[PDB]
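File shown: start21.txt. Contents: compact mmCIF, C-alpha atoms.
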# COMPACT_ATOMS: atom_id res chain seq x y z
CA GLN N 1 22.71 8.79 -29.18
CA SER N 2 24.90 7.87 -32.12
CA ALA N 3 26.52 4.91 -33.80
CA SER N 4 28.63 4.07 -36.83
CA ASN N 5 29.17 1.09 -39.12
CA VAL N 6 25.43 0.36 -39.05
CA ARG N 7 23.56 -1.64 -41.72
CA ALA N 8 20.70 0.19 -43.42
CA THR N 9 18.40 -1.92 -45.64
CA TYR N 10 15.26 -0.74 -47.39
CA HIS N 11 11.58 -1.57 -47.17
CA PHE N 12 8.77 -0.34 -49.42
CA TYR N 13 6.71 1.62 -46.91
CA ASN N 14 5.89 3.95 -49.81
CA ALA N 15 5.03 6.59 -47.25
CA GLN N 16 4.17 9.39 -49.69
CA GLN N 17 1.96 7.04 -51.77
CA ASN N 18 0.08 6.16 -48.56
CA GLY N 19 -0.56 9.76 -47.63
CA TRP N 20 1.94 9.42 -44.78
CA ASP N 21 -0.54 7.17 -42.94
CA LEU N 22 1.24 4.96 -40.46
CA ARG N 23 -1.65 2.53 -40.15
CA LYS N 24 -1.66 1.84 -43.89
CA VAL N 25 1.97 0.78 -43.90
CA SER N 26 1.65 -1.39 -40.70
CA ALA N 27 4.22 0.68 -38.91
CA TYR N 28 4.84 -0.39 -35.29
CA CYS N 29 4.49 3.20 -34.10
CA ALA N 30 1.02 3.59 -35.55
CA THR N 31 -0.41 2.50 -32.17
CA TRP N 32 0.64 5.82 -30.64
CA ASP N 33 1.55 8.14 -33.53
CA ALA N 34 -0.97 7.51 -36.35
CA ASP N 35 -3.21 10.44 -35.36
CA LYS N 36 -0.46 12.99 -35.15
CA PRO N 37 -1.00 15.82 -37.65
CA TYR N 38 -0.18 15.44 -41.30
CA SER N 39 2.56 18.04 -40.92
CA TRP N 40 4.25 15.81 -38.31
CA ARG N 41 3.77 12.56 -40.19
CA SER N 42 5.06 13.94 -43.49
CA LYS N 43 7.94 16.10 -42.23
CA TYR N 44 10.67 13.52 -42.79
CA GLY N 45 11.03 10.28 -44.68
CA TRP N 46 10.40 7.15 -42.70
CA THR N 47 12.56 4.43 -41.17
CA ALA N 48 12.40 1.46 -38.93
CA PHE N 49 15.08 1.49 -36.21
CA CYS N 50 16.73 -1.24 -34.22
CA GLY N 51 20.28 0.07 -33.89
CA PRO N 52 23.07 -0.72 -31.42
CA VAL N 53 22.95 2.65 -29.59
CA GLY N 54 19.90 4.43 -28.32
CA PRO N 55 16.23 3.61 -27.71
CA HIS N 56 14.26 1.26 -29.95
CA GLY N 57 10.63 0.11 -29.94
CA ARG N 58 7.98 2.15 -28.18
CA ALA N 59 10.47 4.60 -26.63
CA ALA N 60 11.94 5.47 -30.05
CA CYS N 61 8.64 6.10 -31.84
CA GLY N 62 8.58 9.47 -33.47
CA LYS N 63 12.18 10.38 -32.78
CA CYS N 64 14.39 11.66 -35.61
CA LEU N 65 17.78 10.56 -36.91
CA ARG N 66 20.41 12.24 -39.06
CA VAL N 67 21.65 9.36 -41.24
CA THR N 68 24.91 9.53 -43.20
CA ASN N 69 26.14 7.16 -45.88
CA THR N 70 29.64 6.68 -44.65
CA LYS N 71 31.10 5.77 -48.08
CA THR N 72 29.61 8.72 -49.94
CA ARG N 73 28.84 11.27 -47.17
CA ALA N 74 25.24 11.67 -48.37
CA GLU N 75 22.97 12.68 -45.44
CA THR N 76 19.32 12.93 -44.70
CA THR N 77 16.96 13.18 -41.75
CA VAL N 78 14.38 10.46 -41.04
CA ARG N 79 11.62 9.84 -38.52
CA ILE N 80 11.41 6.54 -36.68
CA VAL N 81 8.00 5.04 -37.34
CA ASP N 82 8.78 1.32 -37.01
CA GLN N 83 10.90 -1.28 -35.24
CA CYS N 84 13.11 -3.68 -37.13
CA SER N 85 14.81 -6.96 -36.30
CA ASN N 86 18.05 -6.49 -38.37
CA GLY N 87 20.24 -4.57 -35.89
CA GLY N 88 20.26 -1.31 -37.87
CA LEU N 89 17.85 0.74 -39.93
CA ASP N 90 15.22 -0.32 -42.49
CA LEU N 91 14.70 2.84 -44.55
CA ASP N 92 11.78 3.58 -46.84
CA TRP N 93 13.01 3.01 -50.42
CA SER N 94 12.75 6.67 -51.28
CA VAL N 95 15.14 7.49 -48.43
CA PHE N 96 17.54 4.70 -49.30
CA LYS N 97 17.64 5.86 -52.93
CA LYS N 98 18.41 9.40 -51.87
CA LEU N 99 21.30 8.22 -49.68
CA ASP N 100 22.64 5.65 -52.19
CA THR N 101 24.57 8.25 -54.22
CA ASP N 102 27.16 5.78 -55.63
CA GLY N 103 24.55 3.02 -56.37
CA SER N 104 26.39 0.35 -54.38
CA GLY N 105 23.63 0.09 -51.80
CA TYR N 106 21.03 -1.14 -54.25
CA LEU N 107 23.49 -3.64 -55.73
CA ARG N 108 24.48 -5.03 -52.34
CA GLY N 109 21.11 -4.79 -50.60
CA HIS N 110 22.28 -2.43 -47.84
CA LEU N 111 24.19 0.69 -47.05
CA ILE N 112 26.59 1.22 -44.18
CA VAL N 113 25.63 4.36 -42.27
CA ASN N 114 26.28 6.43 -39.19
CA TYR N 115 23.33 7.90 -37.35
CA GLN N 116 22.70 10.49 -34.66
CA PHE N 117 19.44 11.18 -32.84
CA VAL N 118 18.39 14.81 -33.47
CA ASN N 119 15.62 17.13 -32.44
CA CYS N 120 12.71 16.75 -34.88
CA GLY N 121 11.62 20.37 -34.79
CA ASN N 122 8.02 21.45 -35.60
Would you mind writing the file's structure down as C-alpha cells?
Amino acid sequence: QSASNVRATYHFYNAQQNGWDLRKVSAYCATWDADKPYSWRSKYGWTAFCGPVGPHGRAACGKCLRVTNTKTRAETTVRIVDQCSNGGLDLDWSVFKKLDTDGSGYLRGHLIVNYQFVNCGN
C-alpha cells in the first residue's frame, strides 16, 4: 500500500541506544516481535504507523516502509514497530533527522511524506 501527503512526527525511541530492544522502548509490536533476532530488529530505523492506507496495529507489526520527504525528496526505509494515534507516522528522531534535509521538519514539528510498503528483505 501507499499514500501521500502524510504527517510524520518524531518520537525519541532512541532505538540504537536501547540496543534495538522493542521492550525497552515500549513499542506496541514488542508483544510479538521483541524476540526476533538482533539482525532483524536493527536492520532499519524504527517508526510507529497509523497511516490512511494499509494495515496498522498488530497486522502491520514488522512490516517495512519506504518513506520520502515530499518537499526535499530525501528517502529512507523504516520498520514498523509501534502504532500511533496521529494519522501518519511517528518516526524515531534519528530517522526524522535523516529525512529532514532542509530543516523545516524540526522547526514545524512534522514532515509531510509519502510512503510505500516494501519487502523487508533478510
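Closest approach to residue 70 (chain N) among N:53, N:107, N:113, N:84: N:113, based on only C-alpha atoms.
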* Asked: Which residues, written as a PyMOL selection string, have at least one atom at most 8 Å from residue 120 (chain N), with only C-alpha atoms counted and residues fewer than 5 positions away on the same chain left out?
  -> chain N and resi 63-64+79
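Considering the residues N:99, N:118, N:112, N:22 and counting all atoms listed in the file, residue 42 (chain N) has its shortest atom-to-atom contact with N:22.
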* Could you pull the residues within 8 Å of residue 11 (chain N), counting all atoms listed in the file, minus those fewer than 3 positions along the same chain, as a VMD selection string? -> chain N and resid 90 to 93
Could you write out that same residue set with C-alpha atoms as an mmCIF file, keeping the file's coordinate frame?
data_model
loop_
_atom_site.group_PDB
_atom_site.id
_atom_site.type_symbol
_atom_site.label_atom_id
_atom_site.label_comp_id
_atom_site.auth_asym_id
_atom_site.auth_seq_id
_atom_site.Cartn_x
_atom_site.Cartn_y
_atom_site.Cartn_z
ATOM 1 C CA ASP N 90 15.220 -0.320 -42.490
ATOM 2 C CA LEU N 91 14.700 2.840 -44.550
ATOM 3 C CA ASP N 92 11.780 3.580 -46.840
ATOM 4 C CA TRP N 93 13.010 3.010 -50.420
#
* Structure fact -> If you count only C-alpha atoms, the residue of N:7, N:36, N:110, N:56 closest to residue 21 (chain N) turns out to be N:36
* Interatomic distance, CA of residue 38 (chain N) to CA of residue 15 (chain N) (Å, one decimal) -> 11.9 Å
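Near (25.3, 16.7, -50.7), the residues that fall inside 12 Å on the basis of all atoms listed in the file are residues 68, 69, 72, 73, 74, 75, 76, 98, 99, 100 and 101 of chain N.
Minimum atom-to-atom distances from N:82, N:94, N:108, N:52 to residue 4 (chain N) were compared using only C-alpha atoms, and the lowest value belongs to N:52.
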Final N, CA, C and O atoms of region 71-97 of chain N as a compact mmCIF listing (two decimals), in the frame of the given file:
# COMPACT_ATOMS: atom_id res chain seq x y z
N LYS N 71 30.27 5.85 -46.88
CA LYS N 71 31.10 5.77 -48.08
C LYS N 71 31.03 7.04 -48.92
O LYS N 71 32.02 7.44 -49.55
N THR N 72 29.85 7.62 -49.00
CA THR N 72 29.61 8.72 -49.94
C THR N 72 29.37 10.04 -49.28
O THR N 72 29.35 11.11 -49.96
N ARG N 73 29.12 10.07 -47.98
CA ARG N 73 28.84 11.27 -47.17
C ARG N 73 27.47 11.87 -47.40
O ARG N 73 27.13 12.89 -46.85
N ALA N 74 26.62 11.25 -48.23
CA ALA N 74 25.24 11.67 -48.37
C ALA N 74 24.57 11.67 -46.99
O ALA N 74 24.80 10.74 -46.21
N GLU N 75 23.67 12.60 -46.72
CA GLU N 75 22.97 12.68 -45.44
C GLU N 75 21.52 12.98 -45.69
O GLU N 75 21.14 13.70 -46.63
N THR N 76 20.69 12.56 -44.73
CA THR N 76 19.32 12.93 -44.70
C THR N 76 18.80 12.77 -43.27
O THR N 76 19.42 12.11 -42.48
N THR N 77 17.62 13.31 -43.07
CA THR N 77 16.96 13.18 -41.75
C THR N 77 15.70 12.34 -41.92
O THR N 77 14.94 12.56 -42.86
N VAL N 78 15.51 11.36 -41.02
CA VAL N 78 14.38 10.46 -41.04
C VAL N 78 13.66 10.52 -39.71
O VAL N 78 14.24 10.89 -38.66
N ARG N 79 12.39 10.07 -39.73
CA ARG N 79 11.62 9.84 -38.52
C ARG N 79 11.44 8.36 -38.32
O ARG N 79 11.11 7.61 -39.26
N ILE N 80 11.65 7.91 -37.07
CA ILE N 80 11.41 6.54 -36.68
C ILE N 80 9.93 6.30 -36.54
O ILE N 80 9.25 6.90 -35.72
N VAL N 81 9.41 5.38 -37.40
CA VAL N 81 8.00 5.04 -37.34
C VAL N 81 7.81 3.53 -37.12
O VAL N 81 6.67 3.09 -37.01
N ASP N 82 8.91 2.77 -37.08
CA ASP N 82 8.78 1.32 -37.01
C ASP N 82 9.99 0.77 -36.27
O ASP N 82 11.00 1.44 -36.06
N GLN N 83 9.83 -0.49 -35.88
CA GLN N 83 10.90 -1.28 -35.24
C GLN N 83 11.31 -2.35 -36.22
O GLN N 83 10.49 -2.91 -36.83
N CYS N 84 12.56 -2.60 -36.31
CA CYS N 84 13.11 -3.68 -37.13
C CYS N 84 13.75 -4.78 -36.30
O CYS N 84 13.87 -4.64 -35.07
N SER N 85 14.23 -5.83 -36.96
CA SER N 85 14.81 -6.96 -36.30
C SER N 85 16.19 -7.26 -36.96
O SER N 85 16.76 -8.35 -36.77
N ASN N 86 16.81 -6.27 -37.59
CA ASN N 86 18.05 -6.49 -38.37
C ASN N 86 19.24 -5.78 -37.76
O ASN N 86 20.29 -5.73 -38.35
N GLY N 87 19.13 -5.26 -36.53
CA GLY N 87 20.24 -4.57 -35.89
C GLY N 87 20.69 -3.21 -36.39
O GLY N 87 21.72 -2.66 -36.01
N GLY N 88 19.91 -2.57 -37.25
CA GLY N 88 20.26 -1.31 -37.87
C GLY N 88 19.06 -0.45 -38.15
O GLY N 88 18.29 -0.09 -37.28
N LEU N 89 18.97 -0.08 -39.43
CA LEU N 89 17.85 0.74 -39.93
C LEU N 89 17.22 -0.03 -41.10
O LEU N 89 17.90 -0.73 -41.82
N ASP N 90 15.91 0.16 -41.27
CA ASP N 90 15.22 -0.32 -42.49
C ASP N 90 14.48 0.92 -43.05
O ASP N 90 13.43 1.30 -42.60
N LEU N 91 15.15 1.55 -44.02
CA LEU N 91 14.70 2.84 -44.55
C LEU N 91 13.61 2.65 -45.57
O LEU N 91 13.64 1.67 -46.36
N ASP N 92 12.64 3.59 -45.68
CA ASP N 92 11.78 3.58 -46.84
C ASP N 92 12.65 3.65 -48.10
O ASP N 92 13.69 4.33 -48.11
N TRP N 93 12.24 3.01 -49.17
CA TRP N 93 13.01 3.01 -50.42
C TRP N 93 13.37 4.42 -50.86
O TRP N 93 14.49 4.64 -51.24
N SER N 94 12.44 5.36 -50.80
CA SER N 94 12.75 6.67 -51.28
C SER N 94 13.96 7.29 -50.54
O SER N 94 14.77 8.01 -51.15
N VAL N 95 14.03 7.04 -49.25
CA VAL N 95 15.14 7.49 -48.43
C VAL N 95 16.42 6.81 -48.79
O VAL N 95 17.48 7.45 -48.97
N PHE N 96 16.36 5.48 -48.92
CA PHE N 96 17.54 4.70 -49.30
C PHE N 96 18.09 5.21 -50.63
O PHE N 96 19.27 5.40 -50.79
N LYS N 97 17.19 5.38 -51.61
CA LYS N 97 17.64 5.86 -52.93
C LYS N 97 18.33 7.18 -52.84
O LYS N 97 19.35 7.41 -53.50
